[PDB]
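Student: what follows is a protein structure lacking sequence information:
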């Protein structure tokens, strides 16, 4: 409980040294009062979301709409003391945000409560604090009862917390309001009129004469204008407004492509000298929403290329972070976005700051729902009492911001059709108009959609509300865009939410089909932009609707970034947790629709090829090229496939745009896949090259190379660097479908903030060290600490060469001068007897992220280290700075023999794969083609195993493999009947004696005229729960089809469902390719279920019409295959052919002490009755050889580990 630091700064950071606890076994009595002992409670910093830390409970009170993260009640506590420096002056506690139903106590007394929680609030605290110097105990209770939102929201203090220390006479909470009336006219004379409607409050015991000095500061820092008011009395305890006017000569206008701003410093003067100062940054701008010409900033017309977003920052959870929000805005700007529609709740301050700096329009949403709540614990529970306060606070906070151009009142509100809804809307508009009057108020409506093909008539109350608001927004109602403009010329229209399509990264299924909200087995969505919710639209359709109409200001594509929760195409699905709507995945890797929108909006030339190039030989693959170029041709590994081009179509008012004759905005080809490289060139209207892009096929996974966005970060303790882990081919090409487990490791002046891959269907906790790559990529976030230095990140994958990358951490004072911040170390790996390569120039990283390449002098080299196997380091120097370089080089290759195993049995040759691993005793993992030795049938037609030599190609040494006695598979041929066979036997939960179950495979049906064949489940006792049928097999074949026909009578009906299953040999498991049909009582049917090892095949049923019983007519099944068998435990263990000390099942690990520098031991092990043993020869000095064995049929196994140890040097 250290005293808060303070050095005269008006606002003091308060995120340090807090304690947290989450209720798990009922209420924690006595938490609020100081008497509680929180010694055991964990420490942490306040940008924090205790709902992302937890794991995905599928029984969480929040269903799929919420991400399945648990909510509940959490407690926060801080003990602190006020330094004497701040005694006798006003202090207040400010929260920028804390989720639902906050209740804060101080010194064991209720300090206040605030339900809304998406919005900042404050409490006055000076009186409560102990001026005696005692320890003040602050407690915050958060009661985010989980069923409270549609989208995942996090929990706890997810925004920065501050203390505000000011003189008793001080500027108000938001006591500044900079506006430039009539700028549209005054700009003609290069003169920006300014008004400063500042406010000051006096908490002193008696009124004092007060004076204001306000000076507008240029962006660089030089002054621009100054003003000073005549002194007036400030009545004690009340706010006395002031107003000043000034003119700025030749203003620098804020613009999307040039976001300039001015800083205003208001100094309060009492007694002839300053007593308080306030900083507020504004900009000079003027925009108009015209009912005919739409949006236009300054005197320039421009469409509102916008996207909706959610406050969710991704792997960070709900916790705000400046760099993360900045990265999101920068990516969206790179997409060509102009405006951001903020969620359905107010914006974080970091979002507004990023918008101002990068130049993006912002629309603030007030509420997700009015009094009519949408969830049992939603905000509507408190609306009647807190709506005015919340809307007033939001408008007051955002008013000075130049980025904001709107104040949305709500969205998707189900009581908006009632008269009371109109009354509430009028009241809300009035409340908003009280503070701010220079921005329109709007509302997003969806009920106007109706049938999305026709101009739906408008409900009367909706018409009244639309008249009330200044600008009207529409949800998925493109059909009403032009009609309502004709029927209501006064209105101004724009698309609040359009094209709610779904798409996953790296998934390219059903290219030639468009489906409306259809689930799939793999829990994915096609990236061909052909899947959407029923009310949504294809992105091309929505963009075509918006583009053609002048009066429409623009659209806001839903969910620029996907977010946790709301997986609409997979309602109530168990593994699905994250929305698919994202144009950029949760981690931040763009999808292909990113490039579509880039081509559509950004004016720079570019090209992107949609599908990856790792398909099967001889297959036709749909290839689409998003581009704004007039021509494109694909050079398929040397030969041009064919050129396609656009037509420079012009809109009604003459806007030029490109599109094909067919009316498609994207070029397309149908190409038979040929492995190799596929390059595309964009040719301008004259046929001259303007941009290029290529996709090249990848091979086997080779490495895990890491890339960081910003290699230099600030040491403030919160700046982040986003590192991308890519599974890449030996050539360095990212493998399109790579999905492996990556284990990270971070050391230095930084910590692992989180990990991500973007797999919406993965339920792997974000706050963990390891993460499974999805579509060949993964993301690890590292945050700097208070101390300068470097952060080193290490990643490793089983079977692939590891990699490491560095991130340099400089102090905030350093980050304005290009002092040398560090140098990246070259990583090299070469075969034995292979010379190295050191680049003549290496990248030297100054501060300010202004890195560059510089000359390098490399120290002498001794060829001894490369005519051998091992590891070492090489040094160098750089002329520019005294800092030294460094290089790590790995030498590996042929060392010793490598273990391996395979399997066989009677009548079948062993499984001889055509590739062998180059798993030498050094950690090598290269693969090479192998031809295994021929074996005669004398060895194969009996029990036992044998050794087979692997004639590897291109390598000096051959591979040796051992044989298990379990493998069994022959063919996939068709079979009709068996003269002699005992396999076709069946059993069921119940069967009627008068209906033989074995008659279901006679092959006879009663379509024309034949004997009646059926099976009966009728019983006087109801059996509506369900019954199942089973069939056994012992074949070595693959199934071709499956029968599920049905017989019906006065008592029997069709099954409700068929939950087919397979028995590989140890349990029951559901089969793949189910495709169960709806009732089929009329005509024939055919099914082609997946081929699986199905020693016993079983399917469970339930009655289609309950109260009736089950029946069948023909359910023949055909084939099966077998894999596994039996074996025993471990028997042998050795080190360099010797024994081992203290070897027993009980001990976890064993080691052998060796002289220092000794060659790594050869470690071998064997198992009784020739079991599968995962032998692991020693590879390097650090590490231990860990072995695992297969034994018996179930959990029987034991971990055997031998750790190499040495003596001192």
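Tutor: That came in fine, so what should we check first? Numbering: from 1, shown residues only.
Student: what's the spacing between the most centrally placed residue in the chain and residue 260?
Tutor: Against the mean C-alpha coordinate of the chain, by Cα atoms, centre = their mean, the closest residue is residue 586 at 1.8 Å. Taking Cβ to Cβ, to the nearest Å as the measure, residue 586 falls 33 Å from residue 260. Every residue, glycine included, has its C-beta placed from N, CA and C.
Student: same question, residue 32
Tutor: Distance from residue 32 to residue 260, by Cβ to Cβ: 48 Å.
Student: which one of these two is surrounded by more residues?
Tutor: Ranked by neighbour count (other Cβ atoms under 10 Å), residue 32 and residue 260 place residue 32 first, with 23 against 16.
Student: what sits against that one?
Tutor: Residue 32 sits next to 105, 108, 139, 141 when contact means Cβ atoms under 8 Å, 6 or more residues apart in numbering.
Student: tally of neighbours for the first one?
Tutor: It refers to residue 105. Quick note: residue 105 (other Cβ under 10 Å) scores 21 neighbours.
Student: surely it touches residue 111?
Tutor: Yes. Look at residue 105 against residue 111 with Cβ atoms under 8 Å: they come within range, at 5.7 Å.
Student: for stretch 225-243, which outside residues touch it?
Tutor: Here stretch 225-243 has contacts from 169, 172, 175, 194-216, 244-248, using Cβ under 8 Å, 6+ apart.
Student: look up phi and psi at the residue nearest to the centre of the chain.
Tutor: Here is the backbone geometry of residue 586 (degrees, to the nearest 10): phi -60, psi -40.
Student: same check, this time on the one 10 residues further on
Tutor: The phi and psi torsions at residue 596 (degrees, to the nearest 10) take the values phi -60, psi -50.
Student: skipping adjacent residues, who's closest to it in space?
Tutor: Nearest non-adjacent residue to residue 596, counting by Cβ to Cβ, 6 or more residues apart in numbering: residue 626, 4.7 Å away.
Student: quick check: that neighbour vs residue 593, distance?
Tutor: 9 Å.
Student: how about residue 8?
Tutor: Where residue 593 is concerned, residue 8 sits at a distance of 50 Å (Cβ to Cβ).
Student: which of those two has more neighbours?
Tutor: The neighbour count for residue 8 versus residue 593, taken as other Cβ under 10 Å, is higher for residue 593 (23 against 8).
Student: spit out the contact partners of that one.
Tutor: By Cβ under 8 Å, 6+ apart, residue 593 lies in contact with 501, 503, 527, 529, 539, 583.
Student: try 7 Å
Tutor: Residue 593 is in contact with 503, 529, 539, 583, counting by Cβ atoms under 7 Å, 6 or more residues apart in numbering.
Student: PyMOL command for the buried members of those?
Tutor: PyMOL command restricting those to the buried ones, with burial defined by 16 or more other Cβ atoms under 10 Å:
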select buried, resi 503+529+539+583
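Student: in helices only, show me the contacts of residue 593.
Tutor: Using DSSP state H, residue 539 are the members of these that sit in helices.
Student: dump the contacts of residue 593 into TSV; add distance to residue 560 as well.
Tutor: Below are the contacts of residue 593 laid out as TSV (distance: Cβ to Cβ, whole Å):
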residue	distance to residue 560
503	13
529	15
539	12
583	5
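Student: so which of the contacts of residue 593 comes closest to residue 673?
Tutor: Nearest to residue 673, judged by Cβ to Cβ, of the contacts of residue 593 is residue 529 at 21.0 Å.
Student: residue ranges of the strands in the stretch 1001-1150 of the chain, please?
Tutor: 1015-1016, 1028-1032, 1055-1063, 1069-1070, 1096-1103, 1111-1112, 1130-1135, 1150-1154 (DSSP state E, counting those that start in this stretch).
Student: adding distance to residue 815 and mean neighbour count, write the ones you listed out as TSV.
Tutor: Output for the strands of the stretch 1001-1150 of the chain, formatted as TSV (distance: least, Cβ to Cβ, whole Å; neighbours: other Cβ atoms under 10 Å):
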stretch	distance to residue 815	mean neighbour count
strand 1015-1016	79	22
strand 1028-1032	68	20
strand 1055-1063	61	20
strand 1069-1070	57	14
strand 1096-1103	64	20
strand 1111-1112	75	24
strand 1130-1135	54	16
strand 1150-1154	48	15
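Student: can you tell me the SS state at residue 357?
Tutor: helix (DSSP: H, G, I helix; E, B strand; the rest coil).
Student: the closest residue to it other than its chain neighbours: how many residues sit nearby?
Tutor: The shortest distance from residue 357 to any non-neighbouring residue, by Cβ to Cβ, 6+ apart, is to residue 259 (6.3 Å). Neighbour count for residue 259, taken as other Cβ under 10 Å: 18.
Student: got the contact list for residue 259?
Tutor: Per Cβ under 7 Å, 6+ apart, neighbours of residue 259: 356-359.
Student: also residue 1085?
Tutor: The contact partners of residue 1085, by Cβ under 7 Å, 6+ apart, come to 1045, 1077.
Student: separation between it and residue 299?
Tutor: Distance from residue 1085 to residue 299, by Cβ to Cβ: 68 Å.
Student: same check on residue 235?
Tutor: Distance of residue 235 to residue 299, given as Cβ to Cβ: 45 Å.
Student: tell me the SS of the nearest residue to residue 347 once chain neighbours are set aside?
Tutor: Distances taken as Cβ to Cβ, 6+ apart place residue 364 nearest to residue 347, at 5.7 Å, with adjacent residues excluded. Going by three-state DSSP, the secondary structure assigned to residue 364 is strand.
Student: go ahead and confirm residue 364 touches residue 398.
Tutor: Yes. Counting by Cβ atoms under 7 Å, residue 364 does reach residue 398; the two are 5.7 Å apart.
Student: for those two, list the residues in contact with both.
Tutor: residue 404.
Student: give me the distance between the two termini of stretch 1182-1193.
Tutor: 35 Å (Cα to Cα, to the nearest Å).
Student: stretch 960-977 now?
Tutor: Its start and end residues considered, stretch 960-977 measures 42 Å (Cα to Cα).
Student: same question, stretch 355-363
Tutor: 11 Å.
Student: same question, stretch 960-974
Tutor: 37 Å.
Student: please, which helix or strand holds residue 331?
Tutor: Using DSSP states H and E, the element containing residue 331 is helix 322-334.
Student: and stretch 187-202, what's buried?
Tutor: In terms of neighbour count (16+ other Cβ under 10 Å), stretch 187-202 has its buried residues at 187, 192-194, 196, 198, 200-202.
Student: what is the nearest of these to residue 291?
Tutor: residue 187 (22.8 Å).
Student: thinking again about what came up before, farthest-separated two in the contacts of residue 593?
Tutor: 529 and 583 (10.3 Å).
Student: related to what we said a few turns ago, and the contacts of residue 259, which are buried?
Tutor: Among the contacts of residue 259, those that count as buried by neighbour count (16+ other Cβ under 10 Å) are 356, 358-359.
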